[PDB]
């Protein structure tokens, strides 16, 4: 089968012709119908994941097939597989744990001590087929097609968990920063579907502000036009917001938005940008605010976003389909921030 792989850091991905693994035991062989490409793969093609080394830290033994956003049809099931048959359309949770460590035992497998992340330190979906280590990481699609689902396994689970960490309820207000981008609109949609909280989206372009409104925000702010802190204060009648979700935070967002926090406000940071949080400690204790990080999500988060998306309660990302051969191209566009829409590789 054809597979686009990381054979050497720095160097572009390489198309190879490798053997189609044979599924044994709980394993499932999936014929890939969609392989999402995201910013992570930009930093992945450079041998890193945030600031770790896939080789030194995650134990990657190059070459490795990339692609951690996976949906497709079951081609074959191992002999121990239960509850799935050839022909089933599924999405796959790639953030897999080994089972024995503390995080696996308490059901937070994505924080596993020795992670098995598909497409990061194990072969992924940039190929005609992909082995899923255990059938329990799958979700049968009934309403969504593969292209619609694949991005949910990464951006969907990430934003779903970030919304959960914002601890929202009907008495609260949420601020979503960068609310008109891919991640932002998804966070707005999920917060709207799952919380009852008032949702405020802030962005910096008229088009992105409109996308935030279309995604369901109750209020939107164009920070290039209005002082955002003053508009947040006006909307919340000087209370501030009870949570901020800052997806792909930057040095700028971290310096501005914590000031919009109400007492006990939670500032949820998502992403891997090389920026530092700088905050006056007394301001933290006096207001009991919290700064909390989030990345990807666990099996319950996967269940949650998949259930929302399958019920149509949240919508698929704006998508651009491309062929496998275009993998490097797709990633280049993400480097030059020339990727308008989630790129998904299709057969």
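Numbering follows the first chain given and starts at 1.
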Selected stretch [higher average CA B-factor]: 307 to 315 or 51 to 59: 51 to 59
Between the two ranges 123 to 131 and 186 to 194, the one averaging a larger CA B factor in the entry: 123 to 131
Among 232, 275, 202, 112 - the residue whose C-alpha B-factor is largest in the record: 275
Top residue by Cα temperature factor, when 108, 237, 242, 76 are compared in the entry: 76
Lowest, middle or highest third - CA B-factor, residue 86: highest
Relative C-alpha B-factor of residue 65, binned into the chain's lowest, middle or highest third: highest
Chain-wide C-alpha B factor ranking for residue 44, given as lowest, middle or highest third: highest
Cα B factor band for residue 80 (lowest, middle or highest third within the chain): highest
Modelled-residue ranking by C-alpha temperature factor, third containing residue 158: lowest
